[PDB]
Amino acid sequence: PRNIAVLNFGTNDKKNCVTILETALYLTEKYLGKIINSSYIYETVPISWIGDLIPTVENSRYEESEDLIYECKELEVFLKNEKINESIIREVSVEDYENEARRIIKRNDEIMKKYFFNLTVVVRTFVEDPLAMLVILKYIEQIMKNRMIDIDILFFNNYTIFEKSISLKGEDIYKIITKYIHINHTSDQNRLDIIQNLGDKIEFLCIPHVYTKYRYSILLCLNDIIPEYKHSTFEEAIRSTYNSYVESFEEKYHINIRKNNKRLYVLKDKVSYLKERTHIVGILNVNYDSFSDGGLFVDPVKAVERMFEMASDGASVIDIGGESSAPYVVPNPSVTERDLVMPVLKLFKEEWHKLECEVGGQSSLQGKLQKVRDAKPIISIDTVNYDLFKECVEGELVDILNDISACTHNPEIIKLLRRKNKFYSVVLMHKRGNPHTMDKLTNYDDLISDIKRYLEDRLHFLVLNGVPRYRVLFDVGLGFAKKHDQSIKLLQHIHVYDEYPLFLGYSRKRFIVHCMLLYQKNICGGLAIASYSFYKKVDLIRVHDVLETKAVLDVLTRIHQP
């Protein structure tokens, strides 16, 4: 049986925050087991070589399967604080653990008495003890190098461990790494300097990490993934413990603990503050039969001129579609989804690579080239097709999977979202049926609750199969198996996603005009919804009339500046 470890990841670098954490995740999963749950990233109050690291890292002596999983019996057992495996390392009693914990916390309090980006993860580990895991985590750190990256073990199974005075020499360390890693012995590549001094970075071991119930940041992350867990060291479960921290703090100091401590999501390479902006997603139908667009952008050169336009016009994201999903549509049978889309993506990249070479020949050469890729519009593909999406992430042609129907069409597409070092974010929309039948499928016992419940289960599936929680965006699918009164109701109750990253697509849909040559009327109705969306703090809105949506939000933003 596999063990369960819960880890904590820390950095101080905001600029590079994602690349550092995700690189540290890649390597953890590699040398330790599958990552089967994760928190969001959290901003809390107390790299030009990183790519080169990946094809030089040493392989693991354990290979886990790439297969999708739907369950994890060990996780279910961890969570009940029940026994999975005899502890190799000596356990201690709760009373001795809390004595020797509380001593280290008062001493640490004394020394210090003279932002952080965070993440919890759950690992289904093939490592047999805590100590070994710890030695492996130190290795990964040094391979990179509390500034840079910090990985701590919070819970390893249900064990209560406390070991002072651990001294490990270059022999001990070697014996432990090479039980788990194929280490390179060769002169022209090795890390045997590192392995030799890795005992200097370990003086003691202690599960649970004993700041676990005493640090908001930790509780805050653990609250996303193991709210019901109650280690024996704890007097109440993580969510109850969280709640007794927030409450006490807001009672004692009467400031909102939420104010400085913020949830973050990621789209591409940088962190976003959840709910703190409404980005624009420019639409680009590259096909012969979309309502409102068909055929305008089939030619790759008109389709690329247009991307460049919306980018300029204000859109943060661009969302390519090769095939309509609109009511009673019959996709153009003369050219496929893939044939339409590939040239246009491929043309975009080549056009951006001419841009980058024309710039290549602040104010320096890197200063100039960093301003160019620092405004590259994010590219989001609107498909459900394994083989096309594969071809996009293999050629470096997209950043975001927009799977309408939440990766239920072919769940295997989920495995392409993590590619080695490279992660990719995903939009899970709600919908039923297909274009001819969706209208007819509108019975819900509890429209609002049911749909939230649908998306939440899809999320649990994706995080369990190793997609980071902070890359998953929701969408209620306005117009997709809703009547117009239902579509409007979903907007009315949009406050139920107030804890989640949220993406909406109203643009040009029929329900808009149901509120009232009259394309004019529908676009304007849209701009209203954009205001509503602004005030509801929707995270991303997906629209065709970028220039005009921009105008709205500029005005709305200005009015609401202190």
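Counting begins at 1, following the sequence as shown.
- Going from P46 to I47, the model skips 10 or more deposited residues, which lack coordinates.
- In terms of unmodelled positions of the deposited sequence, the stretch from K145 to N146 in this entry skips 10 or more residues.
- The mean Cα B-factor in the deposited entry runs higher for 52 to 60 than for the other of 503 to 511 and 52 to 60.
- Annotation for 335 to 343 versus 223 to 231: the higher mean temperature factor (C-alpha) is found in 335 to 343.
- Note on the listed residues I166, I413, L491, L401: the highest Cα temperature factor in the record is that of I166.
- Note on the listed residues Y265, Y242, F480, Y288: the highest Cα temperature factor in the record is that of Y288.
- The deposited CA B-factor of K390 belongs to the middle third of values across its chain.
- Among the modelled residues of its chain, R191 has a C-alpha B-factor that falls in the highest third according to the deposited record.
- When all modelled residues of the chain are sorted by CA temperature factor, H436 is found within the highest third.
- Per the deposited record, the Cα B-factor of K368 falls in the highest third when ranked against the other modelled residues of its chain.
- When the modelled residues of the chain are ordered by C-alpha B-factor, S425 sits in the lowest third.
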